[PDB]
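Shown next as structure tokens: one chain only, the form solved without adenosine-5'-diphosphate.
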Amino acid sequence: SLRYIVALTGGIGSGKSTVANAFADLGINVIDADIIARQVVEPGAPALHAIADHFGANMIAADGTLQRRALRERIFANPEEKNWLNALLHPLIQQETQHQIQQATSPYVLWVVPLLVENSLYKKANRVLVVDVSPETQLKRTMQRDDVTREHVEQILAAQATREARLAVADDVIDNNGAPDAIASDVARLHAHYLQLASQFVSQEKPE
């Protein structure tokens, strides 16, 4: 069957999880790109074995998890090694993603993709929702949540797509500058709208 896909994105500290949890509480199957990626390389995972074999024993930590910074260093300024890693991980991630879409029982799925803009993954969504906040909010929340410096987060902000680049691809925008309950009004309206879109989309003659 065809499933309706609403993709959710937002920059660091925008409160992506908060909004996705609000939809999850309404019975929507959330498909989380970062959760999937972490599971693909979890201890005893086949791909983690392949990583260790190709790159070295230095790739696996004491506790058995992937040493992400060491792997990063390994592919730095090396397109062939970066290509090798992607050729291993991308199809496993794609497969698990499609699998979860297919196994979803909710009327639409919420696909949470931090890199939606950067990887052009909006092309694979029926609807795009952006959780939006000020860069100030992104800095403060990140500084506080992960106990890190302002300059540290500022560097992360400089590496992700801009706030404007996300808004350029958005169908819907939810402001998340305040407390978690402040999103409830938008979430209720968007959910009711998405359920309607999902119920009509396969046979809908005229778009929008």
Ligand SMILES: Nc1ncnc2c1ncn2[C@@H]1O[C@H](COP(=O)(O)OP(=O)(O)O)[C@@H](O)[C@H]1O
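Throughout, we count residues from 1 along the sequence that is shown. In this text, the rigid core denotes the largest set of C-alpha atoms whose superposition between the two forms falls within 1.5 Å.
Here the subject shifts to the form deposited with adenosine-5'-diphosphate bound, a form of this protein not shown in this document.
Shown form pocket vs adenosine-5'-diphosphate in the bound PDB entry, superposition, backbone/C-beta distance 2.4 Å: Blocked, per the superposed partner pose.
Considering non-hydrogen atoms and a 4.5 Å limit, which listed residue (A168, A61, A179, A158) is close to adenosine-5'-diphosphate in the bound PDB entry? Exactly one listed residue reaches within 4.5 Å, namely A179.
Of the options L197, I12, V187, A24, which one has a non-hydrogen atom that comes within 4.5 Å of adenosine-5'-diphosphate in the bound PDB entry? Of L197, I12, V187, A24, the residue with a heavy atom within 4.5 Å of adenosine-5'-diphosphate in the bound PDB entry is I12.
Against adenosine-5'-diphosphate in the bound PDB entry, would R163 count as a contact residue? Criterion: heavy atoms within 4.5 Å. Outside the cut-off, so no.
My question is simply whether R145 lines the interface with adenosine-5'-diphosphate in the bound PDB entry - judged by any non-hydrogen atom within 4.5 Å. Contact with adenosine-5'-diphosphate, yes.
May I ask you to state whether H191 is within 4.5 Å of adenosine-5'-diphosphate in the bound PDB entry, using heavy atom distances? Looking in the bound PDB entry, residue contacts with adenosine-5'-diphosphate do not include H191, since no heavy atom lies within 4.5 Å.
Using a 4.5 Å cut-off on heavy atoms, which residues of 14-40 contact adenosine-5'-diphosphate in the bound PDB entry? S14, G15, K16, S17, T18 sit within 4.5 Å of the partner.
Where does the C-alpha shift reach 2 Å or more between this form and the one not shown among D175, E151, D53, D34, given a fit on the rigid core? That would be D53.
Rigid core superposed: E136 CA moves 2 Å or more between this form and the one not shown: No, its C-alpha moves less than 2 Å.
Rigid core superposition, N78 Cα moves 2 angstroms or more between this form and the one not shown: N78: C-alpha displaced by 2 Å or more between this form and the one not shown.
Any chance the CA of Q67 moves 2 angstroms or more between this form and the one not shown, core superposed? The answer is yes; the displacement is at least 2 Å.
Comparing against this form, do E80 and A159 have their CA atoms pulled together or pushed apart in the bound PDB entry? The difference is 3 Å or more. Relative to the shown form, the pair is closer.
If the C-alpha spacing of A77 and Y122 moves by 3 Å or more in the bound PDB entry, is that a move closer or farther apart? Residues separate in the bound PDB entry, at least 3 Å farther apart.
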